[PDB]
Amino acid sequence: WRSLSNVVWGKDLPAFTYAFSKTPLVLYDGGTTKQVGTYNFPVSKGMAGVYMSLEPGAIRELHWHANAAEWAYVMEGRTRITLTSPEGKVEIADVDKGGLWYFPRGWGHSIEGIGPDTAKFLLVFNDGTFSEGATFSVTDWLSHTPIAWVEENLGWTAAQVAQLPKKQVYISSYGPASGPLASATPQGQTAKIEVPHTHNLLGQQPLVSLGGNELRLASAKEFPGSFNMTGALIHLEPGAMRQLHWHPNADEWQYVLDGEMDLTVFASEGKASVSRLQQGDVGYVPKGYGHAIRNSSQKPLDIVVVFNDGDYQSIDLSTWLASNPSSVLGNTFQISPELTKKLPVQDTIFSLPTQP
């Protein structure tokens, strides 16, 4: 990738991509997981990412984490979530392929794979240090509380408390697998959360469409329950680009759903990087850094990108240059008036291949 400056790509910069596709899975009874955050991907301060799979009837047990909100995208299969708020209200809902959930920091929750095959999903947390090994587990909790107090709290005998787990379960396939949603009723009378905390992203109409390239955007305008986090699906045809831009207000976390992705990141001070991501790899663009995404392959590319702000803000280079008068542009770029007039006058968000 030649540049006008002949910059040494990546020099004096952290990695902006991580080979998450090669990270080994941790295996549980009915599920798998792996994660990427500042502990293995130092640039990724604003968000951490978790891959999880759950077989039918496998549950990610009831837990909470007050250090991070949890935004999710279901890649394959079907899940059911439960979510309990400090007002004592509950949301119990199916989330299918292409759907989202958002669990506010510290609200209690569970996730179950409901089949018929493997559920596979991404979890993105708005704390880059988040680790799935550091969540607050209800089974860990009750096995790390004095037995006599658990007895009193539950109205249970010692012999009943002795039947509870002795350590953090994390993922269970003990069972039973949950049944139809209409029968998934709280054991005790519980009012229902009314603001939706699940959402259908893949089923949205594209916010932007150009020559088969598509952007589907779920910010707080589309999904207000996710009040401080935004997600988008980008589909790029062979040769096409998401145009050069930056985000004034948010970091950007990226996962390649399928295909092969090229990312370039401009970091100021004459420093920049370019790298290729395979399916299942991760990218991270710090707030304010200039960047673009290109499909340099002969096959389609699909990515999910996540922002740690509920308001999607992008300034495209094309918009920026179109907004300025000729004199400012010619003086800035030190170019002829003739060439100045050929700078962008409109922003199409994507760029179609121009190479004949």
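Start at 1 and count along the sequence shown; that's the residue number.
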Which is higher on mean Cα B factor in this entry, 216-224 or 153-161? 153-161
Member of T129, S85, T139, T230 with the greatest C-alpha B factor (per the PDB record): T129
Could you look up the Cα B-factor of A68 in the entry and say which third of the chain it sits in: lowest, middle or highest? middle
Where does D258 sit by CA temperature factor within its chain: lowest, middle or highest third? highest
Taking the values exactly as deposited, rank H247 by C-alpha B-factor within its chain and report the matching third: lowest, middle or highest. lowest
In terms of the chain's CA B-factor thirds, is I111 lowest, middle or highest? lowest
Which third, lowest, middle or highest, does the CA B-factor of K299 fall in along this chain? highest
